[PDB]
Structure formats: structure tokens, C-alpha cells
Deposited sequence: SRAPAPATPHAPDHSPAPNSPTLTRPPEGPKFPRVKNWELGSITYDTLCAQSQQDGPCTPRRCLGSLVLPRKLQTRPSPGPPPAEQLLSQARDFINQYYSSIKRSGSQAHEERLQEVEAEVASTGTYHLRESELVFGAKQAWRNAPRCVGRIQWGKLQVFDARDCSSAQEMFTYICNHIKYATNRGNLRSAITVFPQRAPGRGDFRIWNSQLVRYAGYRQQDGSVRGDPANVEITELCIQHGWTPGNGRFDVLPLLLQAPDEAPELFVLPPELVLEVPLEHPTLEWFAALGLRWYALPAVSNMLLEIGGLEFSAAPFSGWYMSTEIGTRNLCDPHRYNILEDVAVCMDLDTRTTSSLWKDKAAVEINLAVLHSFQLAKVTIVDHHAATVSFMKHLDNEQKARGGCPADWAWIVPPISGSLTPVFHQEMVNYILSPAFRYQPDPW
């Protein structure tokens, strides 16, 4: 059991929760691979299913009861005959919150118990997927007052193709490759933009064109659906003191909704299970707008600020980055859309660690992802040691469908 120290305060805990991990990560005693973004039978499903049902009845303080025993028998009966089984809705709700709770790269986990779960397992077409996706967006957005949500489409089955959302997020901006090899719009979405085009989309030519959805029912070609512009809440970016900033024409969408991850609960796998909460300002202000392989606006802003771009030592990059993050915070706050800054978020994450220590004896956490991309050591999480491991229920990466 690893000793875990906070270096700001000198306090120590022991992670005992990590002993519950059944799935290996990428590190060995010879070498740490913790900085890598991606990872390089009835008997098995049955034991994962049992473990998960044990978790569910333990959660509701009914561990060992009749309802518990008879549910374990239902699952056993179903697997033995069909090679698979099905979750009850309450179990799925428990499973979804648990997967979020268990996500080591998520800093917003203090919110984990507050999650609206939409059961969409009765979906038989891409068209119906779209309807469900539209309700989710309407619900989650809630006129700027964002509410965390997940919609769960039908689980994977051995004899057939997956339900999939091809887009990585429900709302994302197009990336158009230009003749001069440069990208107009968001360079992270060139490929998906190109797919939307080969499947019949009439593309715009702006910097912030909301992409259509490519939704796929089993063993069918994906289908194209345009989101009604009134469902996609956006925030124009202005700066509190710098009046020229708004003339940059910059904007971002309100709703961060991840749509291409796989949700695993009790050995069952949900290949389409889009989920959303609200932004932490550094995601937009630092990563989306300042990454050199994204909108890459740092120099433009610095020049507008009349900073000296000749040399690194003037810290023109740091200065511009702070104003961009400020603009995001201010703009969202002006537009009455839920946003959280990296100080507020990391402070609440520290509380989460304390809560989880008492409740479960630990919390899986990925330090490199929890610590924000500006002002790292200015946040309490920088000084907190963390233990990273895989618990189930879990969110996972899966291959792109194309």
C-alpha cells in the first residue's frame, strides 16, 4: 500500500483502494509510462458481472439480501444461456456515476453523484440516436445553467456491429485544410470534417462552423444529421478591459460533451454513451485557443497587446495566455453560462480526495492531467502526490469506427 504525501501541508495518507484494481496500466518496475496519452469467455464476464452486482447492492446497503442473491442468479442464468446479460436501469445509473467517479484524468469529480442518466438502450436507428442526442443537449445546456448528463445507447453484442457516434464531441468546430497547407477552423477536427464532407455535408468556410453528427447504427453506413443552431449554445469572447479583444471574432460553445468513449459496466460495453458537464476555463483559454496545433492565437493576441515577441524572456506567451483565459472566464460569466476556473476546480478536487479517502480509502488520479496547463504550482494539486490505477466501472478509449 503506497504512502501518499501532500508537500504543501506535510500530511500523509495510504491508498488501500488500489488493491481493488483488476486491470493493468502501462507501467512496470523497469519503466514508467504514465505520461502516455493512450494505451499501446463466459467465466471472465461472469466474474466482472458478479463483482459489479456486489458493488451495486453494497451501494444501496442491501449486501447479502434476497434481492441481491436472486439478482446474482438472474445474471448467472442469463450468461449461461446467452453468453451475455442485461442491466436493470437503476444498476445502469449506478454504473454511470461510478465510471465518472473512477476516471483518473477527471478533475471535476466532486460532482460525480450529480448526473442525469438517459437510458437510450431502446434505440434501433441512427435517426433515433439523433433524437436522443438532441434531448441530451437541450437538457444539459438548460439555457446556460449546465447540468451534467449521460445518454446510454445499446450495448455491444457478439454477433454484430457497434452503435457509434463518429464525432469525438457532440459539438465541435470544423477544420478545413486549405490549398496553402494551412488549416481554417480547428486543426484537431480536419479528419472528421473531411468525413462529414464525403458523406454529403455542404461545408461552410468559417473558423467556427459547428460540425454535423455522423451517427451509426449496427452494420450500416453512418448517417449525417445537422444540429439545429438553436440547440448549440455559444459564447462570444470579449475581454473585461481590452476592448479590441472582441474584434478578434473569437467564440466557444457552452457544452463539452464527449461522444467517442466506451462505457464499461460489469463486463458489458457501451460503445455509444455520450456524456457532458461544464467547461473548466483552461480547456478553452489555454488548450483549445493556445495549443500550437490548435487555434494557435498566442502571437496574434500578444501583438494586439503590443508585447515584445522578439524574445522568450519577455514572457509574452505567459502574458497573452493569462488574458485569453481571463476573457473566457469573463465572457462565460457575462453570458450566464456555467464555467469553472482552474483554481476553483482544483480546490474542489482536493476536497474530493479527502471525501474519497474517508469513503473508499483512496482515489485514482492522474497527476499530469489533474494539474492545469497554466499556473500548475499555483494550484494545490501540484503539491499533492497521486496514485493512478484502473477501477471498473470505467470509461475507455476505443478505435475510430472508420
Coordinate gaps, deposited numbering: 1-31, 72-82
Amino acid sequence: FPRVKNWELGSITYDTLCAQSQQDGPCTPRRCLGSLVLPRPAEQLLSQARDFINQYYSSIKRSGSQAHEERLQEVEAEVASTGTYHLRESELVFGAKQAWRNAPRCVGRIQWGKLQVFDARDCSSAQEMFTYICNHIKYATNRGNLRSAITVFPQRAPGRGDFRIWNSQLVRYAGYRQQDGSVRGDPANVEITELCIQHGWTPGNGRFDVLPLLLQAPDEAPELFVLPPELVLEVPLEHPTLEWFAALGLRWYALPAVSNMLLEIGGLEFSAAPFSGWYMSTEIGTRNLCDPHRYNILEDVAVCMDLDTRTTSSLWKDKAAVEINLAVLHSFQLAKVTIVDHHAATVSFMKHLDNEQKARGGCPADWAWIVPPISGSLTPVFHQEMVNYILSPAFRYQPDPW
From here on, numbers count along this sequence of modelled residues.
Residue range whose averaged C-alpha B-factor is higher in the record, 178-186 or 78-86: 178-186
Residue range whose averaged C-alpha B-factor is higher in the record, 256-264 or 132-140: 132-140
Candidate residues 248, 273, 326, 96, the one whose C-alpha B factor the record puts highest: 248
Maximum C-alpha temperature factor, selected from 91, 318, 230, 119: 230
Where the record places residue 353 (Cα B-factor, split into thirds across the chain): lowest
Ranked C-alpha temperature factor of residue 205 among modelled chain residues, by third: highest
Record-listed C-alpha B factor of residue 278: chain third: lowest
Residue 11 CA temperature factor, ranked by third within the chain: middle
Residue 372 CA temperature factor, ranked by third within the chain: lowest
